[PDB]
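For reference, the structure discussed in these notes is given below.
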Amino acid sequence: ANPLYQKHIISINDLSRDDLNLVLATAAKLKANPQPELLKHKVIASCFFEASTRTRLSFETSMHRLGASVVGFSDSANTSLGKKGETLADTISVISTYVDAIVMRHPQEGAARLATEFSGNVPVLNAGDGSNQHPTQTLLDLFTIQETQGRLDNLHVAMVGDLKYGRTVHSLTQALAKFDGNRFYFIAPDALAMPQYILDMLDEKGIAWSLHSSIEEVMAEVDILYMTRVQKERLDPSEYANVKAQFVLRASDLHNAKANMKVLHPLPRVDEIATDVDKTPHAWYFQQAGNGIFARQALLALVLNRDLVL
Amino acid sequence: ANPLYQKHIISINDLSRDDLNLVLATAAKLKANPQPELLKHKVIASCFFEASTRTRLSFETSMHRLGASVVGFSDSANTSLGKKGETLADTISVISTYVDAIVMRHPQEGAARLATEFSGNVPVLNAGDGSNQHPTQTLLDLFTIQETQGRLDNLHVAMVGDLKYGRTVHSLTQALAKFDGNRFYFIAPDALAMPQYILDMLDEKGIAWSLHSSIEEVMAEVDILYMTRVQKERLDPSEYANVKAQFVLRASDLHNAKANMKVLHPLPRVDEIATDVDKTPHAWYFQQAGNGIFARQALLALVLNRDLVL
Amino acid sequence: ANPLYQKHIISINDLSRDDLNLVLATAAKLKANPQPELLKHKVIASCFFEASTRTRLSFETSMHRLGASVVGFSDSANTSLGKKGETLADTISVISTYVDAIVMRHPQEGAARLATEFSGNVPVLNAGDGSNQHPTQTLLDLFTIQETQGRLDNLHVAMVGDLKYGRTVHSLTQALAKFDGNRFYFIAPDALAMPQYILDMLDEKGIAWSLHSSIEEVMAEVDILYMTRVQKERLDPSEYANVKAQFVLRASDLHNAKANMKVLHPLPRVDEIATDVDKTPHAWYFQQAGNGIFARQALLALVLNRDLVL
Amino acid sequence: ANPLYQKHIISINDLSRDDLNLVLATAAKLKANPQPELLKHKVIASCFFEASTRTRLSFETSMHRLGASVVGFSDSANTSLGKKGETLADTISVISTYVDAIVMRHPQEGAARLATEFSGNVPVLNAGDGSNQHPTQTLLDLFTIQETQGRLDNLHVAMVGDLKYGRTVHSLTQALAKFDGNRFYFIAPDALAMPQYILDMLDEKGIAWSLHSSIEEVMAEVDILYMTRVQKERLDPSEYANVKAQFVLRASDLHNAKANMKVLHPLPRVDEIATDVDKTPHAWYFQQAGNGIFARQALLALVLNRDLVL
Amino acid sequence: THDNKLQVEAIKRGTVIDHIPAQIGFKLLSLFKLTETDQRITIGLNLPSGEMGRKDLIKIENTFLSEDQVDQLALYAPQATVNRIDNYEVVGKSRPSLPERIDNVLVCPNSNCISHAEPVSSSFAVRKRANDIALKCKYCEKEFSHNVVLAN
Amino acid sequence: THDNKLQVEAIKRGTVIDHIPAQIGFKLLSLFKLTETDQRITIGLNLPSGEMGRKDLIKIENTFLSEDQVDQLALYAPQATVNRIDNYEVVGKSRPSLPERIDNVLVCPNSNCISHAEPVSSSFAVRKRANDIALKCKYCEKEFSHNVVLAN
Ligand SMILES: Nc1ccn([C@@H]2O[C@H](COP(=O)(O)OP(=O)(O)OP(=O)(O)O)[C@@H](O)[C@H]2O)c(=O)n1
Ligand SMILES: Nc1ccn([C@@H]2O[C@H](COP(=O)(O)OP(=O)(O)OP(=O)(O)O)[C@@H](O)[C@H]2O)c(=O)n1
Ligand SMILES: O=C(CP(=O)(O)O)Nc1cccc(NC(=O)CP(=O)(O)O)c1
Ligand SMILES: O=C(CP(=O)(O)O)Nc1cccc(NC(=O)CP(=O)(O)O)c1
Ligand SMILES: O=C(CP(=O)(O)O)Nc1cccc(NC(=O)CP(=O)(O)O)c1
Ligand SMILES: O=C(CP(=O)(O)O)Nc1cccc(NC(=O)CP(=O)(O)O)c1
Ligand SMILES: [Zn+2]
Ligand SMILES: [Zn+2]
């Protein structure tokens, strides 16, 4: 069996550099050579206790691209699993008697790991648990970076937006800090600055990082410009208006950008990336989203197929 | 490749007489000789930004009758695709990196054509866009007419109901005006009369049409009696009560009807067609609805299978 | 005891020309000579089964200007004083044992008429019953007209907008037809034309009326231009777009208006009257609303006091 | 005629030190010598476009304590007196023709300022406009401070909690900066620090202020400890957990408090002040709320009466 | 002509949109972004005209307008004359002819049209009727009078 | 404008806004609705200049600007020269002093400001700072850098 066969995928802190490389390697193969029957006869539960159309459709499409059948639910208005008030423990206990793997998104931090303790032989893949983890997004981000940059080591990486609350950037930062020589640029209004614990983690691992207030301060030397959505309720409307330009990108801001530079954004953009950026060779967010399919296939493949044929 | 391979199906005005005949021909073949594996390994998105159980189940069933896998959503409470406020453009941009064809219903006129400009190589089939188009309904109506009447030319066609707002009747009228010698009877309260632009279109194409206030005025000579649902909010309750008999059909109204005459209604009926009509050989609305499957299969078949084996 | 003492105020059809004048004559008196303790000790119910902020605040203010106390509810209700099924009859039988008069607004036609059959000795004032009557809105309209024109006879009256569904334009026309020599001009698209039954009543009384397509056609002859809101929630967005742009009033349209001409609107005006009209001397919709307080005070005082020495 | 006669009460910035004293001096008079018929015959509108139970009941009680009638609405509204689009301007143009003064609370900044531009001769009292002003909450605060300390000069004032978003702490600071020799202590985590613009205004006026991490640091010197509620609906649950536990007041923290020290809180207090504080002599938040009636009565009487003989 | 009482000068090459109705020169400058160039431009508004009283006139220097581009002015300035000036010589008195299609500058009167808060360019199919031009939206597929489309 | 021979001529009575930065002329015509008149206007866009290299020039006959209407051009063309003119002589000449209040043209960057959906015109209190102008909205009472207010 491969390293990830029958394992739970809860956090990016539980995955090693080899594990990631393994997922991307597999992703590449599946992207290149499709295995439409690989998980034929498997039934996967798509459990969205928290609605999320783009992640659920991405995941479910990955499921069908491998041949597996799907059962599930979205936005559980009330409980879900014989609606009422039963525990998440009981819900997973039951659903794990029906399926071969559970993919779940939940509004409470910890939900995916708790499910792990009740699922038995059934693996659970965390599609998002409150402001904690979102491993499949990081895997797709990592895949996109490595494919367009040729590597995950010695990269100049800029992260713009709500560095404070966005779980994706925390997650991506830690994953990249498992690789050697990456250089970080954190552009955010101080009210949404990258947490002190992410900076410590990088200090210890001896990683270079700097704070900037504008994209143009470092535009000329970044390989990946990773933008995030700044939650608008986080801020006061006037406050949000006064810092808004700090984290918005236009086509003209890309004048001195490196040819190799790609712009990623987990979506939705709309308030951060202007549409005139879409037509430039740097825009790579929709391509990035497409790569969630290969990363998600790789993951289900690895976890559910003992002997992976590639 | 067939004429409709990889094409978008947005409006009935983009389809030619040959195109329609092609769909019905294909529909007939599929109805006669099922191809359960024809779209095996294809993943289709069933995107109902506007909920519609009967059209979505009809479409999705058509999808599975061909062997394709399905992903999708209904009644998008908020946005849909990482719920928030992103554009429909962005939503389609992403979903088109996941699927082989997008079937969508939307409350805004134009939605299906806009999606066309962002879907790339992915075809989109319009399952309904506000009060504009509904091509798959017309195709099923056309199929039902041709199968029970043996032809689409030289027919006596009656349209009753809300001729003003119902997109189905406008659409069906135009499709039939692509065929020679059809005769129309428009029975509607003047407050819901068939638009002046549909009458002009018919004047130019030199087509015979007349206005009637009662079904019995022409019952004796119609081949197809196409009933529509009169929206009740459109009218004042008392107003609706005073015109209500104009557009309701009972078994007794069929005394002098031609043997060949069939009654169609896109559904739901309930306020227009009495249940004593169901047991007569003229009732054909449930059969008509069944034909949405063959028409929808034909369509997905043609659009997604370059070399159609029949 | 005055002619209106202890009488219900349900319909404009039940009020004579003399009744109308009495009300307007008392409203002018109270406007000039306030009697803040006239209804001191009286408790009135403000029952808005159908939420209605402007009307309710107007009515309640009138109540207080005469010194009465108020109890009531505005609901947008969930069977208020019903509990899944209590009849309007029983809720009035209860409330009429509490208060001295009932002011009510309801979504169903006839509601106020039904209440008078269960309120015993308590007068019922109709604040609107579905698409039927709104007698007090017509009294304040007539008062505004009499006060600015000095008469309700021999006027040139143009009514613009949605004449088909507007219950206030129907009552105003009926009320004005109780006086002599008035001439009406109706400006509406065909879909919202003033109903034939209204036209039949005028023809039948020797009252001249005409249909015109724009305000410019009547402007020079009009004394009162009554704008009504388009029940847009009834039309297709496209449809409401074409008609809207036509029957909108701009200040420049008033270039040739007579010096006594007044623009009235039961409100809300939103798309019908441009804000630059507000500054012209013809703008009189806010003044009309303010007159609802004197029209309503008059009505209350006449119904609750045998004789008023004003 | 008093300086505040017929003036709008929109912003603390518009009120002078003398205006402040006048209001507090009248509030002390009315508190001691009630004038229950002073506003007899006046009708006031209680317009809470934004629901606000405590404030509205406080204001409405003040209205009745002076003998005025009240009409209004508290909504949590669905465009109250708008109908999908009527402007706040028009709803004020209507209401100002009904009442003698308008008391309003609204979710958007500037709303009350806009109203004064459409209410003609009717005074507008702002009961809160988004994150901008809440002048009457500051008047009652200042009254509570003056009454318990005997002055608004030379005070030691600590403000604890969410200083960044609290509009009441911003107004209280501004108001107190109109007096001499006050010293401020700000206790807040960094994410909720008192804004730089407030600190700039104080620096610019020679007013000393300091930042401290706990209440124990200032306790012995504080005359007024003003607690504010944490806008927790803004922070991550974890984040709100860490900060909460710090800036919570327990009775034991008051061991070294001065005899005149008073604990104030605009309320609701829930997680900020432990119930064992309520029994101490320093607990004065309920008393402060009760003082909102005298602050608000004063304000109403001054605006509606040329001269008060109290 | 009216170009030499006081000199608004005559240009060498470029175009000279002449005979623009009063209060339309500015619209053209806006709707079609004519000032977003570095070329020397000279405009005259409310200049006198013998056949209409007043008129407007735009002079974009050494910049020419295609056959279609000139037809794009027809909805705003129909009885207007464009001039394909070549070295001081008026060489080509073109004229706005109604186009089949009108892109980008119009707005779909239909509030429910998908086109409104989306990153697409408006597009209308043009046609004369009773002679008032019916404009048909590419997206909406609804048809309105040029006076409803143009109102806003 | 420092140049002669091939340009736009002088007028008798009216105002002439000179030394307008390139690409700011059209913006001034829009923002302040200057073409919204019957009087005769003449505009020169991207005119060669001795001092500024290039600039825009606006001439409005029979129209005059108060010193305050002049100051409103301060946030756009601060180095501009407004010329008062009667009987072909420059009767008066003034330059934009930044005003203490700016109405109608700016918009409260605050999306929750009441000014937006409402029939009111914007209004900001102006006050200078070391590196910018601070704009305070009459309604929201929020203050923003002129760089935020002016930007899109
Ligand atoms: N080198 C040139 C030549 C002509 N024009 C302008 O082209 C327009 C038309 O000139 P022309 O057709 O030669 O004579 P008109 O009498 O103006 O034509 P019409 O009667 O149609 O107005 C005028 O504004 C003229 O100033 C120009 O600006 N530069
Ligand atoms: N009757 C007039 C007089 C002058 N002007 C224009 O208005 C400005 C007047 O400039 P002038 O009085 O000659 O002084 P300058 O040499 O231009 O120096 P400055 O621009 O600093 O005033 C120039 O653009 C001139 O062409 C005009 O349009 N009509
Ligand atoms: O593309 C996605 C997944 P989806 O929107 O659920 O389909 N992004 C995503 C999903 C879930 C959580 C987050 N959290 C973030 O902090 C990223 P962002 O703020 O840019 O959406 C981001
Ligand atoms: O059978 C259908 C499709 P469904 O109800 O969505 O499954 N009819 C349908 C669907 C969508 C729009 C319309 N529009 C019409 O005008 C037909 P009708 O008024 O009879 O429902 C009609
Ligand atoms: O939404 C309102 C205010 P409400 O009466 O307080 O509910 N409508 C209202 C108020 C007062 C009078 C009228 N008159 C009308 O004719 C209503 P419409 O013109 O919408 O049929 C309508
Ligand atoms: O929920 C309430 C009661 P409401 O005013 O009646 O809506 N809040 C309230 C009431 C009275 C005063 C204040 N003062 C504040 O500063 C509100 P916050 O501290 O939440 O910003 C806040
Ligand atoms: Zn459209
Ligand atoms: Zn503002």
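Chain identifiers are assigned as A, B, and so on, following the order in which chains appear in the structure tokens; residues are numbered from 1 within each chain, and ligands are numbered from 1 in order of appearance.
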| query | What residues in chain B lie within 8 Å of chain A, counting only C-alpha atoms, written as a PyMOL selection string? | reply | chain B and resi 41+43+69+71-73+80-87+93-95+97-99
Could you save those same residues with N, CA and C atoms as an mmCIF file, in the first residue's frame?
data_model
loop_
_atom_site.group_PDB
_atom_site.id
_atom_site.type_symbol
_atom_site.label_atom_id
_atom_site.label_comp_id
_atom_site.auth_asym_id
_atom_site.auth_seq_id
_atom_site.Cartn_x
_atom_site.Cartn_y
_atom_site.Cartn_z
ATOM 1 N N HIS B 41 -18.471 8.116 -18.928
ATOM 2 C CA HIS B 41 -17.256 8.906 -18.675
ATOM 3 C C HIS B 41 -17.390 10.423 -18.934
ATOM 4 N N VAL B 43 -19.012 14.057 -17.618
ATOM 5 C CA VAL B 43 -19.569 14.582 -16.382
ATOM 6 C C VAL B 43 -20.286 15.844 -16.787
ATOM 7 N N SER B 69 -22.293 10.981 -15.819
ATOM 8 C CA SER B 69 -22.298 11.314 -14.406
ATOM 9 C C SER B 69 -22.774 12.776 -14.315
ATOM 10 N N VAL B 71 -23.187 16.455 -11.750
ATOM 11 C CA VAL B 71 -22.873 17.222 -10.533
ATOM 12 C C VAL B 71 -23.722 18.473 -10.713
ATOM 13 N N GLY B 72 -24.115 19.112 -9.636
ATOM 14 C CA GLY B 72 -24.911 20.302 -9.784
ATOM 15 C C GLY B 72 -25.496 20.847 -8.503
ATOM 16 N N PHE B 73 -26.438 21.750 -8.687
ATOM 17 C CA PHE B 73 -27.098 22.376 -7.567
ATOM 18 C C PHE B 73 -28.437 22.944 -7.998
ATOM 19 N N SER B 80 -23.834 30.939 -5.346
ATOM 20 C CA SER B 80 -23.544 29.565 -5.741
ATOM 21 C C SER B 80 -22.256 29.532 -6.548
ATOM 22 N N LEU B 81 -21.310 28.792 -5.980
ATOM 23 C CA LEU B 81 -19.935 28.579 -6.433
ATOM 24 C C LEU B 81 -19.176 29.397 -5.392
ATOM 25 N N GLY B 82 -18.953 28.801 -4.213
ATOM 26 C CA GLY B 82 -18.279 29.513 -3.143
ATOM 27 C C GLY B 82 -19.120 30.748 -2.860
ATOM 28 N N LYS B 83 -20.383 30.502 -2.500
ATOM 29 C CA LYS B 83 -21.388 31.530 -2.176
ATOM 30 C C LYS B 83 -20.794 32.856 -1.679
ATOM 31 N N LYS B 84 -21.318 33.977 -2.191
ATOM 32 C CA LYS B 84 -20.851 35.312 -1.788
ATOM 33 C C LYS B 84 -21.437 36.442 -2.661
ATOM 34 N N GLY B 85 -20.778 36.716 -3.792
ATOM 35 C CA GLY B 85 -21.228 37.777 -4.682
ATOM 36 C C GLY B 85 -20.476 37.834 -6.011
ATOM 37 N N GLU B 86 -19.757 36.761 -6.330
ATOM 38 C CA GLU B 86 -19.054 36.763 -7.585
ATOM 39 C C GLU B 86 -20.001 36.789 -8.783
ATOM 40 N N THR B 87 -19.453 37.155 -9.921
ATOM 41 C CA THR B 87 -20.232 37.227 -11.131
ATOM 42 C C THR B 87 -20.586 35.857 -11.688
ATOM 43 N N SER B 93 -16.810 30.310 -15.581
ATOM 44 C CA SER B 93 -15.369 30.129 -15.822
ATOM 45 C C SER B 93 -14.860 28.946 -15.014
ATOM 46 N N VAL B 94 -15.154 28.914 -13.713
ATOM 47 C CA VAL B 94 -14.706 27.797 -12.849
ATOM 48 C C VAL B 94 -15.347 26.438 -13.184
ATOM 49 N N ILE B 95 -16.678 26.369 -13.142
ATOM 50 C CA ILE B 95 -17.407 25.135 -13.454
ATOM 51 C C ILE B 95 -17.047 24.541 -14.814
ATOM 52 N N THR B 97 -14.123 24.416 -15.945
ATOM 53 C CA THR B 97 -12.850 23.692 -15.845
ATOM 54 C C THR B 97 -13.159 22.294 -15.258
ATOM 55 N N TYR B 98 -14.397 22.067 -14.797
ATOM 56 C CA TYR B 98 -14.725 20.771 -14.213
ATOM 57 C C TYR B 98 -15.510 19.861 -15.127
ATOM 58 N N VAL B 99 -16.423 20.434 -15.902
ATOM 59 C CA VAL B 99 -17.307 19.588 -16.703
ATOM 60 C C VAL B 99 -17.215 19.629 -18.207
#
So that I can see what lies close to segment 210-218 of chain B, please list as a PDB file with C-alpha atoms, in the first residue's frame the residues with an atom at most 6 Å from it, counting only C-alpha atoms and leaving out residues fewer than 4 positions away in the same chain.
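The result, written out as out08.pdb:
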ATOM      1  CA  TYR B 185     -55.596  30.019 -33.221  1.00  0.00           C
ATOM      2  CA  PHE B 186     -54.794  32.303 -30.283  1.00  0.00           C
ATOM      3  CA  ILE B 187     -57.331  32.063 -27.465  1.00  0.00           C
ATOM      4  CA  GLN B 246     -61.849  31.373 -21.327  1.00  0.00           C
TER       5      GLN B 246
END
Would you write out, as CSV, a table of all residues in chain E that have an atom no more than 7 Å from an atom of chain F, listing for each the closest atom pair and the distance in Å to one decimal, considering only C-alpha atoms and ordering rows by chain and rising residue number?
residue,atom,partner,partner_atom,distance
E:6,CA,F:9,CA,6.2
E:7,CA,F:9,CA,5.2
E:8,CA,F:8,CA,4.7
E:9,CA,F:7,CA,6.1
E:26,CA,F:35,CA,6.9
E:35,CA,F:26,CA,7.0
E:38,CA,F:46,CA,6.2
E:39,CA,F:46,CA,6.5
E:40,CA,F:46,CA,4.9
E:41,CA,F:45,CA,4.7
E:42,CA,F:44,CA,4.4
E:43,CA,F:43,CA,4.8
E:44,CA,F:42,CA,4.5
E:45,CA,F:41,CA,5.1
E:46,CA,F:40,CA,5.0
E:47,CA,F:40,CA,6.1
| note | Expressed to one decimal, the C-alpha RMSD of chain A after its least-squares fit on chain D over all C-alpha atoms in order is 0.7 Å
| request: Write down, as a PyMOL selection string, each residue of chain F that has any atom within 8 Å of an atom of chain A, counting only C-alpha atoms. | output: chain F and resi 109-112+142+144+148
| task | After a least-squares superposition of chain F onto chain E, with every Cα atom paired in order, give the RMSD to one decimal place. | result |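 Overlaying the two chains on their C-alpha atoms yields 1.0 Å.
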| Exercise: segment 21-27 of chain B partners within 12 Å, only C-alpha atoms, chain neighbours under 2 positions left out, as an NGL selection string | :B and (2-5 or 9 or 15-19 or 29-35 or 62 or 135-136 or 138-147 or 150-153 or 175-176 or 178-179 or 290-303 or 305 or 308-310)
| said: Let's see if you can do this: from backbone DSSP, list all helix (DSSP H, G or I) residues in segment 37-280 of chain B, as a VMD selection string. | reply: chain B and resid 53 to 65 88 to 95 111 to 116 135 to 149 167 to 176 190 to 192 196 to 204 215 to 217 219 to 221 237 to 247 251 to 254 275 to 277
